[PDB]
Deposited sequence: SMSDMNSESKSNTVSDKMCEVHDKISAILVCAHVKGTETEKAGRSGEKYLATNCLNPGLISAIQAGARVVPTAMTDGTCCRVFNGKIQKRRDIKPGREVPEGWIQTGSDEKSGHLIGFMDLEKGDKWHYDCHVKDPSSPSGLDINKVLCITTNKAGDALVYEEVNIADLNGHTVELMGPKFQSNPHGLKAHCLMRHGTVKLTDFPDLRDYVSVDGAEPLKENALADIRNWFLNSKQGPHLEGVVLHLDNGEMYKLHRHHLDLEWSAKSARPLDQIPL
């Protein structure tokens, strides 16, 4: 039901890039066009790690190749930003990408190649949990690899794990349909969204928000667009997030 991360994701709001960000109240035109077309908008949680995917029972790390640079052996394109986006198989030196596999000291690889640790929604929809799942369950899906050795573990995760994008659906997130022949009801999307991250129950756990839509489109917003900080100190642990 959720979309796959195969190309760069536009921002929910129009944002100038100062080389900081200068966010505005103006929504992405594509989002307006889609909302008016009647697509459903599902806000999901943005987690901080390294983009990956499961592709035929193996993990593939995302790599963006910039103009004129060697395309690695095994790179498969999936979009084009102004660099090329795509995915490839792990190399020998990808120790921490392999570490999310469950261990097997009595194998030639030391790894159970068929099982990876995941953080996902429990049986209820009230809390996350760590679960050793069959890597095949994630075939064809983009995931976020997180843990100690990725981005300084801002989420406080206890072990390298994978999380299928869109897993965490946000509660009480501003309904962006309210900002879109009638005049919009609400008009301060930047403030209202910034307020959700500052003062909601889930915001303080999250790096941002990525909207998944029916048309397969996505629209993201990082804490930096909202003039907010993202770090371990400014983040509450992910495995404590309320769902």
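Peer 1: Show which contiguous pieces of the deposited sequence have no C-alpha coordinates, counting from residue 1.
Peer 2: Absent from the structure are positions 1-16, 36-47, 110-112, 212-214.
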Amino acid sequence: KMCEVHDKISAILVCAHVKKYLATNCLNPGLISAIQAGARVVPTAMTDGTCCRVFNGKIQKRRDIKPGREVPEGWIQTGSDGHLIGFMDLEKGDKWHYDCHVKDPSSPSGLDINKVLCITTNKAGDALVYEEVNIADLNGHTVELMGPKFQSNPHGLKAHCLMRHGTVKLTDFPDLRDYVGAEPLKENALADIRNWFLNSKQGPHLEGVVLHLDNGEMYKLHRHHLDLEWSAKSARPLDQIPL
From here on, numbers count along this sequence of modelled residues.
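Peer 1: When the Cα temperature factors in the entry are averaged, is it 110-118 or 153-161 that ends up higher?
Peer 2: Taking the mean C-alpha B-factor of 153-161 and of 110-118, the larger value falls to 110-118.
Peer 1: Looking at the deposited entry, does 71-79 or 128-136 carry the larger mean Cα B-factor?
Peer 2: According to the entry, 71-79 carries the higher average C-alpha B-factor.
Peer 1: Please work out which residue in 45, 190, 182, 52 has the highest C-alpha B-factor recorded for this crystal structure.
Peer 2: Top of the list by C-alpha B-factor: 182.
Peer 1: Have a look at 37, 206, 27, 211 and flag the one whose Cα has the highest B-factor in the entry.
Peer 2: Highest C-alpha B-factor among the listed options: 37.
Peer 1: According to the PDB entry, is the CA B factor of residue 65 in the bottom, middle or top third of its chain, that is, lowest, middle or highest?
Peer 2: Its C-alpha B-factor belongs to the highest third of this chain's values.
Peer 1: Could you place residue 222 in the lowest, middle or highest third of its chain by Cα temperature factor, using the values in the record?
Peer 2: Lowest third - that is where residue 222 ends up once the chain's C-alpha B-factors are sorted.
Peer 1: Split the chain's modelled residues into thirds by Cα B-factor; is residue 86 in the lowest, middle or highest one?
Peer 2: Highest third.
Peer 1: Split into thirds by Cα B-factor across the chain's modelled residues, where does residue 105 land: lowest, middle or highest?
Peer 2: Tercile = highest for this residue's CA B-factor.
Peer 1: Relative to the other modelled residues of the same chain, rank the CA B-factor of residue 239 and answer lowest, middle or highest third.
Peer 2: Lowest third, going by the recorded CA B-factors of the chain.
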